[PDB]
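The data below hold one chain only, encoded as C-alpha cells and taken in the form deposited in one PDB entry.
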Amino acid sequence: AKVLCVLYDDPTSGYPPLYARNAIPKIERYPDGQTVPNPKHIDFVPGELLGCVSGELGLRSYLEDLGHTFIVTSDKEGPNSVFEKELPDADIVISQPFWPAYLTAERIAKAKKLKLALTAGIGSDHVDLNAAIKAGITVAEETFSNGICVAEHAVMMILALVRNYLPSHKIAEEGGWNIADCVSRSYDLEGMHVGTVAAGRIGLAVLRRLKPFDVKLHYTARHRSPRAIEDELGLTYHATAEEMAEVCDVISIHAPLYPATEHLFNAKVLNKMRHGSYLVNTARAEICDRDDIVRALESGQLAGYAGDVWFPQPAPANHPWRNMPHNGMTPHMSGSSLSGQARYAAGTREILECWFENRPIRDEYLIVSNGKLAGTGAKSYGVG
C-alpha cells in the first residue's frame, strides 16, 4: 500500500532538537480505564520529536519492511501541493490536527485509492465526514492520546487570562515593575463560576482539574453525564450553551466540530454572558464565530479569550486572533507536546498494525466505518 503522511516542518534550529530532558513519565492508562496504545513495537524513544517531517511518527522502518511506500511531506495547500499531487493513488492518508491535510469532498473524489483516513492525534473534523461516509472510507483517530495535554493547556489558559499573566510577563521582560498596571485586570479564579461545553474525555479532565480551585462548576452536553459524576464534582447541568453562558464567569469549550457546533459561540451566545467574562477554546476554532470573538474583546464583553485552535490551520500571518486585545493564544500545540506525541505516534502504529493484519481497529478509535458514523464518532459527532 501507499501511505501518504502530512507532518509539520522540522524545528528552525534543525532536527533533532536539543531536548531539555532525557525521559518522560510512563503513562499506562487514561482516567476512564482505557489503555494507552499497544502496538507490537515502537521505533522511537518516548520524548522524541515525532510530529515533524524528519520525525515521521516513527513509522518508516515499520512500513517499508512490510513493502509499503511511505511518503512524508509538509506541503499541503492547493492542487499543486505534494499532498494533492500524491493523493490520487494513496491507500492511506495520515495527518495531525496541528498541521491538517484537509480532506474536502473535492479531494476525497480525487482520492481514488483512499480507504483509511487516519488522524494522528484527536479530532477528525478536517475530514469531510459526509463525503467519507459516502465514499466508504474508514476514519479513525487515537482517542484520548493527547486529551490530558489539552486539559492542562486549557486550565493553564484559564489561569493566565484571569490573572493577567501574559502582559505582566512582558513588563518583567521589558524592565518594568508597574504593579498597578499588572493587577488592574488581575483576578483570582477562586469562587468564580466556570463551565465546560461538554464533559467528555477532555471536558471531564478539565472539570476535575478545576475542582480544587474552589470554583462553582457548570456544564452542557449532548447527553447528560451520570449522577455519580455530577455528585463527585458538584456540577450544575444546563440544557443549552446560552443558559450556561448566563451564569458563568469562565467557559472552556471541549466539544467536537461538526454542523451542530459550528459557530455555536457567536454574538448571540457571547452577549448572554456578564460583561467581562472569559472564554477558552482548545477544541476547534469554528465552534466560535471568528469575528464575533474579536468584537466581544474590543467592547470588553469578553475580558479575555485564549486557545490554541484556529481556522484555517495554519493561521495566516494576518489572522485577526493574533493581535486582538486581551488574548492568550498559542499556535495549535497542546496535543503535540512531546508527551502527547509519544502516545499518538504509538496509536497511529497500532491502528496501522490492525489494518494491515486484517484485525479490528479499536472501537473507541473509530469515527467513520462502513458508510456510517461508528465507535466514538457515533457517540460524539453528528453529520446533520
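Numbering starts at 1 and follows the sequence shown. The term rigid core refers to the most C-alpha atoms you can superpose between the two forms while keeping them within 1.5 Å.
Not on display, but discussed next: the form deposited in another entry.
Engineer: After superposing on the rigid core, which residue out of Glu174, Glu106, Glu298, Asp188 has its C-alpha displaced by 2 Å or more between the shown form and the other one?
Structural biologist: With the rigid core fitted, the residue that moves is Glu106.
Engineer: For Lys115, is the C-alpha shift between the shown form and the other one 2 Å or more after core superposition?
Structural biologist: It does, since the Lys115 C-alpha is displaced 2 Å or more between the shown form and the other one after the core fit.
Engineer: With a threshold of 2 Å on the C-alpha, tell me if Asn358 counts as moved between the shown form and the other one once the core is superposed.
Structural biologist: Superposed on the core, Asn358 moves its C-alpha 2 Å or more between the shown form and the other one.
Engineer: Taking the rigid core as the reference frame, tell me whether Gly136 has a CA displacement of 2 angstroms or more between the shown form and the other one.
Structural biologist: Shift of 2 Å or more: yes.
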